[PDB]
Amino acid sequence: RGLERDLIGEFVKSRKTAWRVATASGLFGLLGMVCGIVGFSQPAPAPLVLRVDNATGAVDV
Amino acid sequence: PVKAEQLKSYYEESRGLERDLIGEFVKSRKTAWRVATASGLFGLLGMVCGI
Amino acid sequence: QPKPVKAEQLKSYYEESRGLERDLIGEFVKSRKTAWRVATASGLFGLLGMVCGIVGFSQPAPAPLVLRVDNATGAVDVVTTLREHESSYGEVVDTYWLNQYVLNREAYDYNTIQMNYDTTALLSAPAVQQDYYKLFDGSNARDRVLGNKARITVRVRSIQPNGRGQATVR
Amino acid sequence: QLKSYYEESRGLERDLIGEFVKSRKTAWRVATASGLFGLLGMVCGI
Amino acid sequence: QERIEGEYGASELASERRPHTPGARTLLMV
Amino acid sequence: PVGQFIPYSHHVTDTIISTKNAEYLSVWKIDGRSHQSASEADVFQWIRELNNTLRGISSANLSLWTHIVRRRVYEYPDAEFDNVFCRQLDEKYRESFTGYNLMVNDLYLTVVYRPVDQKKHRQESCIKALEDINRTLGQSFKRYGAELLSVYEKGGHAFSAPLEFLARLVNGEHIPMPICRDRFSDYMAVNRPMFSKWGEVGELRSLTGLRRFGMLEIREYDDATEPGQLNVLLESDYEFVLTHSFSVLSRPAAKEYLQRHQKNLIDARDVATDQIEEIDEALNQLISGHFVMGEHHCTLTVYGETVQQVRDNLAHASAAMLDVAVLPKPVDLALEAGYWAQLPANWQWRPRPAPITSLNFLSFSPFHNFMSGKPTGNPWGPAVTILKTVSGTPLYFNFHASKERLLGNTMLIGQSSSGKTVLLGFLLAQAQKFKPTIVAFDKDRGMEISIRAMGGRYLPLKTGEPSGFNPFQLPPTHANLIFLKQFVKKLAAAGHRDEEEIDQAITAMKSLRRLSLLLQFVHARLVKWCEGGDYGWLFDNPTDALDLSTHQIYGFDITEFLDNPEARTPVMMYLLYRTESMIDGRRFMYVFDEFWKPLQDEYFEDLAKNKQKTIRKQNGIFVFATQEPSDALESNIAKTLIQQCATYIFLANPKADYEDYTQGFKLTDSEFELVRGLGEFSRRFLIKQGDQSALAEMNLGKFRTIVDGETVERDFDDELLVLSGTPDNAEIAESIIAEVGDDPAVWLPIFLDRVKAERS
Amino acid sequence: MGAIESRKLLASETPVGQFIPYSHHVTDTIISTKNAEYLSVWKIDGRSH
């Protein structure tokens, strides 16, 4: 009756929305996950050296 | 009669084959909420370490 | 543990009871299905995280870069495609390496050979390293023939490059 | 048919409720193992 | 919740003990 | 807590309890057929028909538990009369029982059908399959008399009969339970057992008391010798619940098991050609012999009070079963598993089942029990009395029976000298607890003293003495007028226009109303029934103060008017009509000592049959009797009335015609042998109650009882001396009653003194 | 725990059959054995001494 119908309504609404949010948030997590965690998986590079002749003060790049 | 739904839930909670069913799907629902929360937080973590 | 059921509706009671039993069984099998589905998804993110974690490890650092410095001008060079080419450059530089290679390879002293041995290997392609290692093997091994009874002294008189990765050492 | 006396005896000796409880418990255990493995990998990367 | 009255419980044989010859301990120690 | 072992959940239809794991169930209450009434010839046929009907519905889904629960019955209550004589009879007859068995057997068969918009249609398919299985089993068990346990509303609180048996399995005491919205596993247990952790014995925990129980596991493989082998347990001084399960195996599974067993017996270091060939014979006996195998564990759970007493019970049971070639193996650590395996649908907790042929399951539990009747729950309160039986089992006699509303008509065929009258007097005296009206009819003053002791107004008759009857003083109701018209016609017939004259005369015709007055209004023929005529003493009396309101019991003696074909039909119409006018609401009864003379009445028989059809739902209990059956079966209508009878009691009549008992009364040939086996004055009698029977040996001789710690000797010799009726007894009783007065118990000591003087 | 331990302790026992070397009667006076060692028993009314 009323109580069982209310419990079934909570079933449908809340549980279906919980798994729908699970699916959508999981998909968004997958998109960002692949993206960034592949990004920094490639190592990044620093500067190499700058020339400054001690005798001439000449700068070579 | 605010949250008349909570009064309806109490009748389902009363021990019975129906109480077991209701408790079962709400346990499943909070497992879904837990896994969705963990995945959302861990995906946002992956994105933040990447960026 | 409540009082008896409402007798006015026998049919309703066990009608809803069979309905509840079927719905419970269906929901429990569906929950099992979602359980393995979540297990698969967790495995997939677990291995994505592991693969990226390993690939981003500190293994293979920036390749060593030689800023070649000209002794006459003080000009500073940088890393180059010389790694995928002849990295040693300049007669002066090549003759040094050729000298040190021959001297250490051909020479022998029980007391210093471990360094000359490892150095020779360090300055040799695996094919060459093996040829060298073999000179210390078997009953006729340099380690047994010379051992700590005799020693070999080597000196280079002259080195002249003749082409594209090739030189003559006298 | 089943055609295995062991199969029929063990079918009688088995209950659905306990089997499915065990199944979902093992599924969650494996999911937790995979999640912890992922955390281990992310720690390794950082 | 207690052992059920007037039944056969554990054995009465576990009460057995190995007797010691009453000189072994002292002279062994010395 | 305890629900971890009980599988029961809720109902699915009125007669099918469900299970937690969706294993629908049903419970049947099997009375069982008596294994003493029929010789060894028909027992095999019983087993074969049960095998046929089992393999008919054989499937891998099915299963069967079987329980023989023995009780020390307490639900049979003592009753207080309102007369001192009946109280005396009851008290001595109850004291005749100190030290007897007082145990009843109940046999329960449960069928569980576990399957191995589709879902709803499969639910419907499961329940329909189980109900069809129930229909087939019911067709099968017609002779055994089983009833399908189903819900029964009690004043707005719906209940459920099947829960009661499953409760008694675990609770150990019949605790009624309601059907409610929980799963029954939570509260079906009330008194939870407490097994000792070592497991030799157990405990029970009741509001009113407690008990101890140890078990035995009866693991037998050899084909049984008797079709009922271990039926020696049906008679023992200890309670138990003997359990068998038959979890069927699908036919390929049975074939595979037999093949593996033969292989593992072959591949051994010793050759035994007494085994291999037998098993190989059985393997293709299975295909062609058409019996389906299955799992089977047997466990006996004897109850007791002291733990040493339980061990003595176990030793006695072990001896009494080694006497029947089966070796009981005591249970030491498996007791918890064994006990929790008693519940139907607890396949998991069986200790060590091993496959058994279907013939051997139906021959280990063939549903044999000594017939014992219903201790209580009858439509008329408890059972009237508790007859003894050969082999020591208490028959709880009652006229209720079951489906020959509730049929109650009873017949007592046997010689009057050989304890017929004593039996009738005893039954009526001890059934006085119901306070029903008894309308006694007698032959040769059989029951005069008994009725007058029971506070009736038995009216002795006599030829030539004013009867006191005057039918014309009845109130002029439409029914009475019709009767009087018919009545006067019948009188006139002793000697259309006559009818018209009689009608007008009766209509025209309170203190002045008499047959003689009627003449003033056929005349010549009725003169003989008037004052001064041959029969003027019968119906032409000045007054007729004779209505049934004053007393409860009445008895009319027509032994004077028995074989005189002039007016038996009139006098019987009058008595029956006046008594029938009294038949409303009151719990009611007739007694006919001999009925075949009134039976050949043309007019009265149709009225009797129609009134029977009307009364069957109105608490009507005829109690017919006959001195010798050949007297009854001489009349054709007597067969028609005999077909409508509930319980037959058979006295000892050596001079019994073969045809009469054999096909006239639907008796068996073996029962006909048992009737002749009784001596001339054996004082036993075979009670065919429904479709089962036993020798209810009643003996009202000397008995020993303990009064204040001393063994005293007593008897019912005195009671049967006052119970039976003889003409000298009748004249002494009449003289006393005439001089002393009316009250029942004032004269009885005087009667005792006078009869003692006569006996000297 | 307190429910299942009965079967757990049950199945983990060495039955006495491991120690009793007998099997089917092969002849009405001779008993077999798992190692196929046939024997017969001789009840004797020992003579007086």
# chains A, B, ... in the order shown; residues from 1 in each chain; ligands from 1
call {"tool": "interface_residues", "arguments": {"of": "chain F", "to": "chain B", "cutoff": "6 Å", "atoms": "only C-alpha atoms", "output": "PyMOL selection string"}}
result
chain F and resi 181-183
call {"tool": "interface_residues", "arguments": {"of": "chain A", "to": "chain C", "cutoff": "7 Å", "atoms": "only C-alpha atoms", "output": "list in words"}}
result
residues 37, 38, 41, 42, 43, 51 and 53 of chain A
call {"tool": "write_last_selection", "arguments": {"atoms": "N, CA, C and O atoms", "output": "mmCIF file, in the first residue's frame"}}
result
data_model
loop_
_atom_site.group_PDB
_atom_site.id
_atom_site.type_symbol
_atom_site.label_atom_id
_atom_site.label_comp_id
_atom_site.auth_asym_id
_atom_site.auth_seq_id
_atom_site.Cartn_x
_atom_site.Cartn_y
_atom_site.Cartn_z
ATOM 1 N N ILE A 37 46.817 11.824 -16.039
ATOM 2 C CA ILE A 37 47.744 10.842 -15.506
ATOM 3 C C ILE A 37 48.513 10.187 -16.646
ATOM 4 O O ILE A 37 49.520 9.504 -16.433
ATOM 5 N N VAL A 38 48.096 10.442 -17.885
ATOM 6 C CA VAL A 38 48.999 10.187 -19.002
ATOM 7 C C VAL A 38 49.920 11.379 -19.203
ATOM 8 O O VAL A 38 51.110 11.223 -19.498
ATOM 9 N N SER A 41 52.840 11.398 -16.958
ATOM 10 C CA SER A 41 53.563 10.100 -17.047
ATOM 11 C C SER A 41 54.794 10.264 -17.944
ATOM 12 O O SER A 41 55.829 9.635 -17.653
ATOM 13 N N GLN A 42 54.679 11.090 -18.989
ATOM 14 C CA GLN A 42 55.862 11.547 -19.763
ATOM 15 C C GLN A 42 56.731 12.440 -18.868
ATOM 16 O O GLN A 42 56.198 13.428 -18.326
ATOM 17 N N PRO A 43 58.039 12.143 -18.702
ATOM 18 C CA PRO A 43 58.915 13.018 -17.911
ATOM 19 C C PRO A 43 59.092 14.396 -18.568
ATOM 20 O O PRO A 43 59.052 14.467 -19.785
ATOM 21 N N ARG A 51 76.451 29.723 -21.610
ATOM 22 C CA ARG A 51 77.913 29.995 -21.672
ATOM 23 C C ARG A 51 78.193 31.442 -21.254
ATOM 24 O O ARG A 51 77.444 32.334 -21.697
ATOM 25 N N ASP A 53 81.815 33.379 -20.998
ATOM 26 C CA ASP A 53 83.274 33.326 -21.003
ATOM 27 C C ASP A 53 83.858 34.179 -19.877
ATOM 28 O O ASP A 53 83.526 35.359 -19.749
#
call {"tool": "residues_around", "arguments": {"residues": "residue 19 (chain A)", "least_positions_apart": "3", "cutoff": "8 Å", "atoms": "only C-alpha atoms", "output": "JSON, numbers by chain"}}
result
{"A": [15, 16, 22, 23], "B": [29, 32, 33, 36]}
call {"tool": "write_last_selection", "arguments": {"atoms": "N, CA and C atoms", "output": "compact mmCIF listing (two decimals), in the first residue's frame"}}
result
# COMPACT_ATOMS: atom_id res chain seq x y z
N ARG A 15 18.05 4.99 -5.62
CA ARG A 15 19.03 4.01 -6.08
C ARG A 15 19.40 4.23 -7.55
N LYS A 16 18.41 4.46 -8.41
CA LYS A 16 18.72 4.71 -9.81
C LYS A 16 19.56 5.96 -9.97
N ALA A 22 26.88 7.39 -10.28
CA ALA A 22 28.05 6.53 -10.32
C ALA A 22 28.60 6.41 -11.74
N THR A 23 27.71 6.18 -12.71
CA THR A 23 28.14 6.03 -14.10
C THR A 23 28.69 7.34 -14.66
N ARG B 29 22.34 0.82 -2.32
CA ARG B 29 22.38 2.23 -2.69
C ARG B 29 23.53 2.95 -2.01
N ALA B 32 26.65 2.07 -3.69
CA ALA B 32 26.78 2.85 -4.91
C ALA B 32 27.26 4.26 -4.62
N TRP B 33 26.71 4.89 -3.59
CA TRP B 33 27.17 6.22 -3.21
C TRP B 33 28.63 6.20 -2.80
N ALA B 36 30.76 5.68 -6.03
CA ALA B 36 30.72 6.89 -6.84
C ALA B 36 31.54 8.00 -6.20
call {"tool": "interface_residues", "arguments": {"of": "chain D", "to": "chain B", "cutoff": "10 Å", "atoms": "only C-alpha atoms", "output": "PyMOL selection string"}}
result
chain D and resi 35+38-39+42+45-46
call {"tool": "write_last_selection", "arguments": {"atoms": "C-alpha atoms", "output": "short mmCIF file (atom, residue, chain, number, x, y, z; two decimals), in the first residue's frame"}}
result
data_model
loop_
_atom_site.label_atom_id
_atom_site.label_comp_id
_atom_site.auth_asym_id
_atom_site.auth_seq_id
_atom_site.Cartn_x
_atom_site.Cartn_y
_atom_site.Cartn_z
CA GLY D 35 41.64 -0.10 -5.48
CA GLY D 38 45.77 1.64 -7.75
CA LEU D 39 46.65 3.71 -4.70
CA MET D 42 49.74 6.43 -7.72
CA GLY D 45 54.23 7.79 -9.53
CA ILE D 46 54.19 10.71 -7.11
#
call {"tool": "residues_around", "arguments": {"residues": "region 4-6 of chain G", "least_positions_apart": "2", "cutoff": "12 Å", "atoms": "only C-alpha atoms", "output": "ChimeraX atom specification"}}
result
/F:4-5,195-199,332-340,348-351 /G:1-2,8-13
call {"tool": "write_last_selection", "arguments": {"atoms": "N, CA and C atoms", "output": "mmCIF file, in the first residue's frame"}}
result
data_model
loop_
_atom_site.group_PDB
_atom_site.id
_atom_site.type_symbol
_atom_site.label_atom_id
_atom_site.label_comp_id
_atom_site.auth_asym_id
_atom_site.auth_seq_id
_atom_site.Cartn_x
_atom_site.Cartn_y
_atom_site.Cartn_z
ATOM 1 N N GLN F 4 19.570 -19.590 12.276
ATOM 2 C CA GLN F 4 20.609 -19.979 11.333
ATOM 3 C C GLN F 4 20.445 -21.404 10.826
ATOM 4 N N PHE F 5 19.552 -22.188 11.410
ATOM 5 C CA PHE F 5 19.329 -23.552 10.964
ATOM 6 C C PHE F 5 17.934 -23.810 10.417
ATOM 7 N N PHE F 195 22.501 -28.253 23.080
ATOM 8 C CA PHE F 195 23.291 -29.466 22.948
ATOM 9 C C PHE F 195 24.597 -29.307 23.705
ATOM 10 N N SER F 196 24.944 -30.304 24.514
ATOM 11 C CA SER F 196 26.259 -30.318 25.135
ATOM 12 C C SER F 196 27.334 -30.293 24.059
ATOM 13 N N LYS F 197 28.389 -29.510 24.291
ATOM 14 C CA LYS F 197 29.388 -29.316 23.246
ATOM 15 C C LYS F 197 30.075 -30.614 22.849
ATOM 16 N N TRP F 198 30.163 -31.593 23.753
ATOM 17 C CA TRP F 198 30.665 -32.902 23.354
ATOM 18 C C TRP F 198 29.639 -33.675 22.542
ATOM 19 N N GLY F 199 28.354 -33.423 22.765
ATOM 20 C CA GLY F 199 27.322 -33.909 21.877
ATOM 21 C C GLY F 199 26.742 -35.269 22.190
ATOM 22 N N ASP F 332 27.735 -39.447 18.869
ATOM 23 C CA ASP F 332 28.571 -38.861 19.907
ATOM 24 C C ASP F 332 28.904 -37.401 19.655
ATOM 25 N N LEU F 333 29.346 -37.047 18.450
ATOM 26 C CA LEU F 333 29.673 -35.665 18.127
ATOM 27 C C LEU F 333 28.763 -35.063 17.072
ATOM 28 N N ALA F 334 27.960 -35.871 16.394
ATOM 29 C CA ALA F 334 27.115 -35.397 15.313
ATOM 30 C C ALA F 334 25.728 -35.004 15.788
ATOM 31 N N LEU F 335 25.503 -34.961 17.101
ATOM 32 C CA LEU F 335 24.145 -34.808 17.608
ATOM 33 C C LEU F 335 23.540 -33.486 17.165
ATOM 34 N N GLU F 336 24.323 -32.407 17.186
ATOM 35 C CA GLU F 336 23.792 -31.122 16.745
ATOM 36 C C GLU F 336 23.365 -31.174 15.288
ATOM 37 N N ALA F 337 24.204 -31.749 14.427
ATOM 38 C CA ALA F 337 23.851 -31.899 13.022
ATOM 39 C C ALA F 337 22.642 -32.806 12.854
ATOM 40 N N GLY F 338 22.591 -33.898 13.617
ATOM 41 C CA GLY F 338 21.455 -34.796 13.514
ATOM 42 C C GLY F 338 20.149 -34.118 13.872
ATOM 43 N N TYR F 339 20.129 -33.404 14.998
ATOM 44 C CA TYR F 339 18.897 -32.765 15.439
ATOM 45 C C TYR F 339 18.485 -31.653 14.489
ATOM 46 N N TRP F 340 19.434 -30.831 14.049
ATOM 47 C CA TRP F 340 19.034 -29.790 13.114
ATOM 48 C C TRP F 340 18.753 -30.339 11.730
ATOM 49 N N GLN F 348 21.308 -29.867 4.361
ATOM 50 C CA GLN F 348 22.711 -29.567 4.615
ATOM 51 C C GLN F 348 23.240 -30.286 5.843
ATOM 52 N N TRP F 349 22.393 -30.509 6.843
ATOM 53 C CA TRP F 349 22.842 -30.962 8.148
ATOM 54 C C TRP F 349 22.704 -32.466 8.345
ATOM 55 N N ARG F 350 22.423 -33.217 7.290
ATOM 56 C CA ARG F 350 22.375 -34.664 7.407
ATOM 57 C C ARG F 350 23.766 -35.193 7.735
ATOM 58 N N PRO F 351 23.904 -36.078 8.711
ATOM 59 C CA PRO F 351 25.240 -36.544 9.101
ATOM 60 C C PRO F 351 25.995 -37.253 7.989
ATOM 61 N N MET G 1 32.231 -21.159 14.210
ATOM 62 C CA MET G 1 31.919 -20.631 15.533
ATOM 63 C C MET G 1 31.105 -21.634 16.342
ATOM 64 N N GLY G 2 30.069 -21.144 17.016
ATOM 65 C CA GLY G 2 29.249 -21.984 17.862
ATOM 66 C C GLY G 2 28.193 -22.796 17.153
ATOM 67 N N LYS G 8 32.889 -29.347 11.475
ATOM 68 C CA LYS G 8 34.322 -29.126 11.317
ATOM 69 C C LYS G 8 35.124 -30.107 12.162
ATOM 70 N N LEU G 9 34.703 -30.327 13.408
ATOM 71 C CA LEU G 9 35.366 -31.325 14.238
ATOM 72 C C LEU G 9 35.031 -32.740 13.789
ATOM 73 N N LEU G 10 33.822 -32.951 13.274
ATOM 74 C CA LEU G 10 33.412 -34.271 12.819
ATOM 75 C C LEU G 10 34.329 -34.780 11.719
ATOM 76 N N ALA G 11 34.389 -34.053 10.604
ATOM 77 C CA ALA G 11 35.051 -34.566 9.412
ATOM 78 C C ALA G 11 36.556 -34.735 9.595
ATOM 79 N N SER G 12 37.136 -34.170 10.652
ATOM 80 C CA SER G 12 38.584 -34.175 10.845
ATOM 81 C C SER G 12 39.037 -35.265 11.803
ATOM 82 N N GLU G 13 38.410 -36.437 11.761
ATOM 83 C CA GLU G 13 38.733 -37.534 12.660
ATOM 84 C C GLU G 13 39.235 -38.740 11.882
#
call {"tool": "select_by_dssp", "arguments": {"residues": "chain A", "states": "helix (DSSP H, G or I)", "output": "PyMOL selection string"}}
result
chain A and resi 2-39
call {"tool": "closest_atom_pairs", "arguments": {"of": "chain G", "to": "chain F", "cutoff": "8 Å", "atoms": "only C-alpha atoms", "output": "tab-separated table"}}
result
residue	atom	partner	partner_atom	distance
G:6	CA	F:334	CA	6.5
G:7	CA	F:334	CA	7.2
G:10	CA	F:333	CA	6.6
G:24	CA	F:272	CA	6.7
G:25	CA	F:272	CA	7.8
G:26	CA	F:272	CA	6.0
G:32	CA	F:270	CA	6.8
G:33	CA	F:270	CA	6.8
G:34	CA	F:269	CA	6.1
G:35	CA	F:269	CA	5.9
G:36	CA	F:270	CA	4.9
call {"tool": "decode", "arguments": {"residues": "region 3-23 of chain A", "atoms": "N, CA, C and O atoms", "output": "short mmCIF file (atom, residue, chain, number, x, y, z; two decimals), in the first residue's frame"}}
result
data_model
loop_
_atom_site.label_atom_id
_atom_site.label_comp_id
_atom_site.auth_asym_id
_atom_site.auth_seq_id
_atom_site.Cartn_x
_atom_site.Cartn_y
_atom_site.Cartn_z
N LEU A 3 2.98 2.56 2.35
CA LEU A 3 4.35 2.40 2.81
C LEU A 3 5.20 1.67 1.78
O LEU A 3 6.34 2.07 1.50
N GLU A 4 4.67 0.59 1.20
CA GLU A 4 5.41 -0.15 0.19
C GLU A 4 5.63 0.69 -1.06
O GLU A 4 6.70 0.64 -1.68
N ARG A 5 4.62 1.48 -1.46
CA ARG A 5 4.79 2.36 -2.61
C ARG A 5 5.83 3.44 -2.34
O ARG A 5 6.59 3.79 -3.24
N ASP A 6 5.87 3.98 -1.12
CA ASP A 6 6.89 4.96 -0.77
C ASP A 6 8.28 4.33 -0.80
O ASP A 6 9.24 4.94 -1.28
N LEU A 7 8.41 3.11 -0.27
CA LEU A 7 9.70 2.44 -0.30
C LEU A 7 10.13 2.15 -1.73
O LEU A 7 11.32 2.27 -2.07
N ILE A 8 9.19 1.77 -2.60
CA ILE A 8 9.52 1.52 -4.00
C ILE A 8 9.88 2.82 -4.71
O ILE A 8 10.75 2.83 -5.59
N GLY A 9 9.22 3.93 -4.36
CA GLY A 9 9.60 5.21 -4.92
C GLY A 9 11.00 5.61 -4.52
O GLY A 9 11.77 6.12 -5.34
N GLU A 10 11.35 5.40 -3.25
CA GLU A 10 12.72 5.65 -2.81
C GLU A 10 13.70 4.74 -3.53
O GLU A 10 14.74 5.20 -4.01
N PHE A 11 13.37 3.45 -3.64
CA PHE A 11 14.12 2.53 -4.49
C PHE A 11 14.44 3.16 -5.83
O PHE A 11 15.59 3.51 -6.11
N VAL A 12 13.40 3.41 -6.63
CA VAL A 12 13.61 3.91 -7.98
C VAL A 12 14.42 5.19 -7.95
O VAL A 12 15.58 5.21 -8.39
N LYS A 13 13.87 6.24 -7.35
CA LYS A 13 14.52 7.55 -7.40
C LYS A 13 15.95 7.48 -6.86
O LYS A 13 16.91 7.67 -7.61
N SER A 14 16.10 7.18 -5.57
CA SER A 14 17.41 7.29 -4.95
C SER A 14 18.41 6.27 -5.48
O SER A 14 19.55 6.65 -5.77
N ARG A 15 18.05 4.99 -5.62
CA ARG A 15 19.03 4.01 -6.08
C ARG A 15 19.40 4.23 -7.55
O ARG A 15 20.58 4.16 -7.91
N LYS A 16 18.41 4.46 -8.41
CA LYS A 16 18.72 4.71 -9.81
C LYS A 16 19.56 5.96 -9.97
O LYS A 16 20.48 5.99 -10.79
N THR A 17 19.27 7.02 -9.20
CA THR A 17 20.09 8.21 -9.27
C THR A 17 21.48 7.98 -8.70
O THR A 17 22.44 8.55 -9.20
N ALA A 18 21.60 7.14 -7.67
CA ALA A 18 22.92 6.82 -7.15
C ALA A 18 23.77 6.12 -8.20
O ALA A 18 24.93 6.49 -8.41
N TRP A 19 23.20 5.13 -8.90
CA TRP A 19 24.00 4.48 -9.93
C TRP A 19 24.16 5.34 -11.18
O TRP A 19 25.17 5.21 -11.87
N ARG A 20 23.20 6.22 -11.48
CA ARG A 20 23.37 7.13 -12.61
C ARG A 20 24.51 8.10 -12.34
O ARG A 20 25.33 8.38 -13.22
N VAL A 21 24.57 8.63 -11.12
CA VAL A 21 25.69 9.47 -10.73
C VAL A 21 26.96 8.66 -10.68
O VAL A 21 28.03 9.16 -11.02
N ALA A 22 26.88 7.39 -10.28
CA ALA A 22 28.05 6.53 -10.32
C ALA A 22 28.60 6.41 -11.74
O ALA A 22 29.79 6.58 -11.97
N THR A 23 27.71 6.18 -12.71
CA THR A 23 28.14 6.03 -14.10
C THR A 23 28.69 7.34 -14.66
O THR A 23 29.76 7.35 -15.27
#
